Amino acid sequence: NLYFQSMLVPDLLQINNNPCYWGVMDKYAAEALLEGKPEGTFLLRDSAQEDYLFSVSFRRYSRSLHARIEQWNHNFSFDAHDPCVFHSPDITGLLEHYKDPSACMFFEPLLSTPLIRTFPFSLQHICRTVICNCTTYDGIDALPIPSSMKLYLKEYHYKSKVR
């Protein structure tokens, strides 16, 4: 494709029910949470970069490291354009793959002990996650709400350049 189709993250409600996910947070705030912590301690958060929805922040080699999640062909991975690298149709399955420390290679993230979110999200956000789970991206346009709200429901999408 020379164009792209917007598509809701398929996994969005599962992700928001996953306590390792902290929502809008920058890498400095992740680093503060992860400071000093043991190898493999991790979190999922929104990436502050414009072209990526999510990043993981995790601990390894005594450093707080980050990994943006990429997509391509409806799969997610930490390298979307290298098909040797493992990918999943889900964000959840991509985290699940990197759960086992003795089966993580040095150049791969290690996501073995989730840091647990200690506050609840907003009621507005929680409704969004439920609505998005029932509907598709094009479906959002047919809803009986203002377009300011359509804008809001459409936030967690990725750009599909394939068919």
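Heads up: residue numbers just count along the shown sequence, starting at 1.
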message = So, looking at the entry's B-factor column for Cα atoms, which has the higher mean, 94-102 or 48-56?
response = 94-102
query = For the stretches 111-119 and 131-139, which has the higher mean C-alpha B-factor as given in the deposited record?
reply = 131-139
request  = Name the one of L153, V24, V9, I15 with the greatest CA B-factor according to the PDB entry.
outcome  = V9
ask   = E70's Cα B-factor: lowest, middle or highest third of the chain?
value = lowest
key: Where the record places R163 (Cα B-factor, split into thirds across the chain)   = highest
remark   = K37: C-alpha B-factor third of its chain, per the entry, is the highest
